[PDB]
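Reconstructed Cβ throughout: ideal geometry from the backbone, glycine too, with neighbour counts over all protein chains shown. The values are calculated or read from the model by the stated rules, or taken from the named source; none is laboratory data.
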There are 2 protein chains.
Amino acid sequence: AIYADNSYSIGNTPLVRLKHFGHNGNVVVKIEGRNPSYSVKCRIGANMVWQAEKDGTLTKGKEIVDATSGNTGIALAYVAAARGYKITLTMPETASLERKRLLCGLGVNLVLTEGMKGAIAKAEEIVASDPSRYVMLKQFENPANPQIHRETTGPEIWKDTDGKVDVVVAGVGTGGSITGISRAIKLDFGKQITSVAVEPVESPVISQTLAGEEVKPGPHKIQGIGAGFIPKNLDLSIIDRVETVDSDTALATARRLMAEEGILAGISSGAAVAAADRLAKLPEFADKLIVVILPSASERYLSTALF
Amino acid sequence: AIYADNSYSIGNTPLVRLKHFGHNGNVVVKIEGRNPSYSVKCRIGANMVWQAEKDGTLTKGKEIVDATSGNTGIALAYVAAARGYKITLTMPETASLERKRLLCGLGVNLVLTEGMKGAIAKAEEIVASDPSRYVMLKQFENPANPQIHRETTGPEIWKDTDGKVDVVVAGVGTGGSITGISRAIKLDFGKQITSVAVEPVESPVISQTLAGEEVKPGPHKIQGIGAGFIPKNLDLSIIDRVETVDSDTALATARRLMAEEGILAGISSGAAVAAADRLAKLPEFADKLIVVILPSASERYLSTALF
């Protein structure tokens, strides 16, 4: 059919079988790069706006305000444009001039902070400046983030695998993908799959937490994941397994996806695939169907270490 | 289902209704940016390889060679990777270091020429160097280019509009999109639509030809269209109308698509939409459904005049 605006066009992303990873085609990847603003966040940018509309906190005239590390801001920005909201996003000077020119092209009003914690508080300052005019959508805790994955991404995986999916592998940024997907397949369709969270070995706060160890975040290059804390939108209770990956291997795996599979993957896509490949070569998973989320696409990383 | 490699995942791109163009939603856009390598050429990169395989000119071991202005090379490159062919593409130094790093990331063996005619002949030199090893696919004349549009892009438009499409607007680069689409809708489904070719006012060789005027190509900024000659893959006989657009307006229209529709459009996408908007505001088309091809996505243009 014909979508009334670009937000309604989210999802229905394809599954592709890998040939040079896993064992006898048991690893399949979900291309979230094929979305309105070209990442997995287009789904939650749409649903967080829709749900704020459904409950009246977002109205004609009110202005979206928020802080992002990038993909969510781009996603909110295209939805704000498609649906006629003004939007302000808080960015320090930390960020790719890439993104500054992209967000400005999408009509965003931007700022300065000089890292993530600093821009967040600045956004909070603005919402305080006029709480009747400004709405903050808060991706890390808004339930509409995992909800859209339970309603679209999860069911798409179920149908495209004819219920044969056994393992879902996804890096954790806000936690909404692994959480919403796991709830759809385990609770709505009733299949006891293995849900595998992926985080950087440099910042393994989820593994450290579950082990009852000292939580010690650190720096890494795997953009989009490893926020350095446990987000509210990560439902620990549905997580069966945590796999850690290092930045170097994440980047090499993404370069392999391009050059060997013809898949224009982002950095965190190589991270998720490297974890899935490790599981796929354990005999306990060799006969099981593993589905891996590839959150973003290669061209958003042209100024990064990926090239 | 699950695609055996990334080439099989082409197409099934969405239709979105425009709100700030046309008259009462009569203009709808087809997002070809949502493809394996993120342009409309992913379809012909796949089908030119498949068809060369079906007729034996492409075999295990033979190496793809060709010259491109970019999107087709990226498309062939991902298909070569997914399907295990070596590929050499001929590029002068004319081109975005963007694309050089992208094509190298995809595993391409590249060259130097120092414009388009020069790199073409260099590619021809290489195929002559070993005609048993090198295969040139020749997008401007290979019938598998319009054929894939007749088999996928055209039928997708038919079904997603429930046969209500009245006008198809598409810029002409090789001509395969407008040609294959027009043949599907007019001949296979039997509806007498208006097929509208779009070319730059700076290089209006199609209009000049059809008028019996002196053909005078020139420079412009509308990347992907206006090759400066009539390509063999443009079937003049199904073209009902030619609309010309200038570079400045093309760029402004693409910036409007981002900031006002939330659509991350390429430069030639703004060209096609500006032509469709002109038709859409003539009373003879005000009640007719117009479908516009948006060939590429915004991020491939970050180093260009688009920003």
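Scanning segment A:110-121 for residues that are surrounded by 14 or more Cβ atoms within 10 Å (Cβ to Cβ), touching a helix residue (DSSP H, G or I) at 6+ places or on another chain (Cβ under 9 Å) and not hydroxyl-bearing (S, T, Y) turns up A:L110, A:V111. For segment B:149-164, filtering for residues that are under 17 Å from B:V292 (Cβ atoms) and over 17 Å from the mean Cα position of the chain (by Cα) leaves 4. A:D66 passes every criterion in (1) surrounded by fewer than 20 Cβ atoms within 10 Å (Cβ to Cβ); (2) away from chain B (no Cβ under 14 Å); (3) of a type outside the set (A, V, I, L, M) apart from (1).
Does B:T249 count as of a type in the set (S, T, Y), surrounded by 22 or more Cβ atoms within 10 Å (Cβ to Cβ) and assigned by TED's automatic domain parsing to the domain that holds B:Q192? Step through it out loud before you land on a result.
Numbers: of a type in the set (S, T, Y): yes; surrounded by 22 or more Cβ atoms within 10 Å (Cβ to Cβ): no; assigned by TED's automatic domain parsing to the domain that holds B:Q192: yes.
It is false that B:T249 is of a type in the set (S, T, Y), surrounded by 22 or more Cβ atoms within 10 Å (Cβ to Cβ) and assigned by TED's automatic domain parsing to the domain that holds B:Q192.
On the basis of being buried (at least 17 other Cβ atoms within 10 Å of the Cβ), out of contact with any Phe, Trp or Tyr (no Cβ under 7 Å at 6 or more places or on another chain) and either within 19 Å of A:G262 (Cα to Cα) or outside the structural domain of B:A286 (by TED's automatic domain parsing) (or both), does B:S96 make the cut? Spell out how you get there, then give the answer.
Values: buried (at least 17 other Cβ atoms within 10 Å of the Cβ): yes; out of contact with any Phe, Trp or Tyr (no Cβ under 7 Å at 6 or more places or on another chain): yes; either within 19 Å of A:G262 (Cα to Cα) or outside the structural domain of B:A286 (by TED's automatic domain parsing) (or both): yes.
Taking the combined requirement at face value, the residue satisfies it.
Apart from one condition, A:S268 fits all of (1) buried (at least 16 other Cβ atoms within 10 Å of the Cβ); (2) part of a loop (DSSP other than H, G, I, E, B); (3) of a type in the set (S, T, N, Q); the exception is (2).
Among the listed residues B:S247, B:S303, identify the single one that is among the polar types (S, T, N, Q), within 14 Å of another protein chain (Cβ to nearest Cβ) and either under 22 Å from B:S96 (Cα atoms) or touching a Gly at 6+ places or on another chain (Cβ under 7 Å) (or both). Reasoning before the result, please.
Numbers: B:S247 fails: within 14 Å of another protein chain (Cβ to nearest Cβ).
When all the criteria are applied, what remains is B:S303.
Screening A:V165 with (1) in contact with a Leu (Cβ under 7 Å, 6 or more places away or on another chain); (2) assigned by TED's automatic domain parsing to the domain that holds A:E199; (3) closer than 21 Å to A:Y8 by Cα gives one miss only, at (3). In segment B:47-57, the count of residues that are buried (at least 20 other Cβ atoms within 10 Å of the Cβ), at negative phi and either facing chain A (nearest Cβ under 7 Å) or charged (D, E, K, R) (or both) is zero.
Do we find that B:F189 is of a type outside the set (S, T, N, Q), under 19 Å from the mean Cα position of the chain (by Cα) and more than 14 Å from chain A (Cβ to nearest Cβ) in this structure? No: the conditions fail for B:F189.
Just to be sure I understand, how many residues within segment A:283-297 are within 14 Å of A:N71 (Cβ to Cβ) and within 14 Å of chain B (Cβ to nearest Cβ)?
Residues of segment A:283-297 within 14 Å of A:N71 (Cβ to Cβ): A:293-297.
Adding the requirement that they be within 14 Å of chain B (Cβ to nearest Cβ) leaves A:294, A:296-297.
The number of residues fulfilling the criteria is 3.
For segment B:189-223, the tally of residues that are of a type in the set (S, T, N, Q) and in contact with a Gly (Cβ under 7 Å, 6 or more places away or on another chain) stands at 1.
Any residue at all in segment B:75-93 that is polar (S, T, N, Q) and within 27 Å of B:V167 (Cβ to Cβ)? Give the derivation first.
Step one: filter segment B:75-93 for residues polar (S, T, N, Q), giving B:88, B:90.
Checking the rest, the ones that are also within 27 Å of B:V167 (Cβ to Cβ) come to none.
No, segment B:75-93 has no match at all.
Residues in segment B:122-151 that are among the small types (G, A, S) and surrounded by 12 or more Cβ atoms within 10 Å (Cβ to Cβ) were compared, and the one that is farthest from B:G173 (Cα to Cα) is B:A123.
A count restricted to segment B:69-86 and to residues that are surrounded by fewer than 23 Cβ atoms within 10 Å (Cβ to Cβ) and within 14 Å of chain A (Cβ to nearest Cβ) stands at 5. Give the residue that is farthest from the other protein chains (Cβ to nearest Cβ), with candidates limited to residues of segment B:111-122 that are part of a helix (DSSP H, G or I) and over 21 Å from the mean Cα position of the chain (by Cα). Taking the candidates together, the pick is B:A121.
Can we say A:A1 is under 30 Å from B:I157 (Cβ atoms), within 10 Å of chain B (Cβ to nearest Cβ) and buried (at least 24 other Cβ atoms within 10 Å of the Cβ)? The answer is no for A:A1. Determine if segment A:25-32 includes at least one residue that is more than 8 Å from chain B (Cβ to nearest Cβ), more than 18 Å from B:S298 (Cα to Cα), in contact with a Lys or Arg (Cβ under 9 Å, 6 or more places away or on another chain) and surrounded by 24 or more Cβ atoms within 10 Å (Cβ to Cβ). Yes.
Quick check: anything in segment B:132-145 within 14 Å of chain A (Cβ to nearest Cβ) and of a type in the set (A, V, I, L, M)? Working first, answer last.
Restricting attention to segment B:132-145, the residues satisfying the condition of being within 14 Å of chain A (Cβ to nearest Cβ) are none.
No, every residue in segment B:132-145 fails to be within 14 Å of chain A (Cβ to nearest Cβ) and of a type in the set (A, V, I, L, M).
Restricting the first member to segment A:221-239 and to residues that are at positive phi, and the second to residues that are surrounded by fewer than 17 Cβ atoms within 10 Å (Cβ to Cβ) and outside any loop (DSSP other than H, G, I, E, B), the beta-carbon pairs closer than 9 Å and six or more apart or on different chains are A:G228/A:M116.
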